[PDB]
C-alpha cells in the first residue's frame, strides 16, 4: 500500500512480467504501489493467445495475435526457460525442445497463475488515450471497457507500456495489386495452412515469417512455393517445390513478375514484411518511434522514457532473447518506480544511450548480436535481486540452433538441447516435425506417435 498507483498496458508476457516483478517484491515483505493492468483481449498471453479472428476483433479493436495454426517454438525452449519457474516443475517430466504454441502457452500461464497476479488485470478493456498533466505530475489513462461498453478514465503516477511491436503490419504496395485475382494478405492475417493446400503461394520477404509461414504451407500440402527477397536471399536449402527469387516487381491478373525477368502463375500472395511500432493511444511527448532493432533510442537502459522518466516501455527491442529479457526489464522498472534505483540526470541518460547505440552499429554476425543482447540483459540483472542465469551457455545454445537451421531448414525442430536450469538433455519427440500434423497440447504430451 505505497501512495502511488501504476498502470500497466498489456497482459502479454511483458505485462505479466511487470505484475510478477511487483508481486515478488511483495512476497519478500516490501510495500508495493497499487497496480492496474489493462488488457484488450478476453484472456492473457498476448501473441500466445491464438485467435481465428482477422483484421478487427469483436469490439472493433485491431486483432492482436500474429500467430497461426501449427506454430511451434522458433528457438530451443531451453533458451527461453524461466529462471524462477522451470520446465520440469511445470510439466512433471522432460519434453522435446520445440513445443507447439499451446504447450508454451500453458507453461507461461502456469508461472503467473502461481503468482496470483490475475487479480490486477482488467480484461476486454482497450486503452484509448494516455496523457500527462504537468500540474498534478500524473497520467490520465482513458480506456474503453467492452464488457459494459463504457469509457472512463483514471489517474496514475507511473505508466508501463507493454503493448508489443509485432502486431501492426508493415504492408508495402506492389504494382497491380488492385488487379490481382487471388488472395493478398500480410503474415499477420495468416491462420490455417490448409487454406493453401494444392496452391502456388508467393511469400514476399526473407526473415522469420517467410521461413516459417512457408514451411507450414509446405508441410500442409501447398502445390508450390516461391519466396522473393528485396536485398539478400535466405540461402537455406529448400524442398523441391520451393524456389527463391529476387524481388517481385509487379503482378497482373494471375501472374507475378520478378526482377530476374521470370514470371509465373500465383494463387495467393503473403507479405512477410514485418511490423511497425504503433502506439495510437499516445501523443508525441510520450510516443516511441523506431524501426525494429536491438537498441532503440530514447530509452534509458532500454526501458525508461528519456523525455518523461515516469513512463516506461518493456519489450520494445528486437527479440533474440525473449521472456528472460522481459523479466530483467520489468525488475529494473519496478526498482526505479519503488525508489530503489534513483535515475541519473538527463544528460547522463543520453550519454549512456549513445554508447549503447554506438556499440549496436558495430554488430555484424548473429553471434555478436546474441552476445550484445546477452550483455544488455546481464547489465540489468546486476542492478536488482533478479537471479543471474547462465547467459554464455544460453548464447552457445543459440549458436547450435543457428547451425542446425543451416544444415536443414526443415529438420531443425527435430533436434534436442540440454537445459541451462537443470542440466537435463531434452528427449526426442514422439513424432518428427514433418509428420506431426496435430498441434494440440494433448497430442504433444501423450505418447502415441502420429501416422505418416
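Numbering follows the first chain given and starts at 1.
Between 285-293 and 93-101, name whichever shows the higher mean Cα B factor according to the PDB entry. It is 93-101.
For the higher mean C-alpha B factor in the entry, choose 378-386 or 120-128. For C-alpha atoms only, the mean B-factor is higher in 378-386.
Among 352, 240, 318, 145 - the residue whose C-alpha B-factor is largest in the record: The record points to 240.
According to the Cα B-factor stored in this entry, which of the following is highest: 53, 28, 418, 40? Spelled out: the listed residue with the top C-alpha B-factor is 418.
Which third, lowest, middle or highest, does the CA B-factor of residue 409 fall in along this chain? Within its chain, residue 409 is a highest-third residue by C-alpha B-factor, going by the deposited values.
Lowest, middle or highest third: which one holds residue 152 when the chain's residues are ordered by CA B-factor from the entry? Bottom third by C-alpha B-factor.
Third of the chain's Cα B-factor distribution that residue 395 belongs to, per the entry: Ranked within chain, residue 395 CA B lands in the middle tercile.
Give the position of residue 206 by CA B-factor within its chain, expressed as the lowest, middle or highest third. Within its chain, residue 206 is a highest-third residue by C-alpha B-factor, going by the deposited values.
Check where residue 71 lands among this chain's C-alpha B-factors and tell me if it's the lowest, middle or highest third. Its C-alpha B-factor, which the entry lists for residue 71, ranks in the middle third among residues of this chain.
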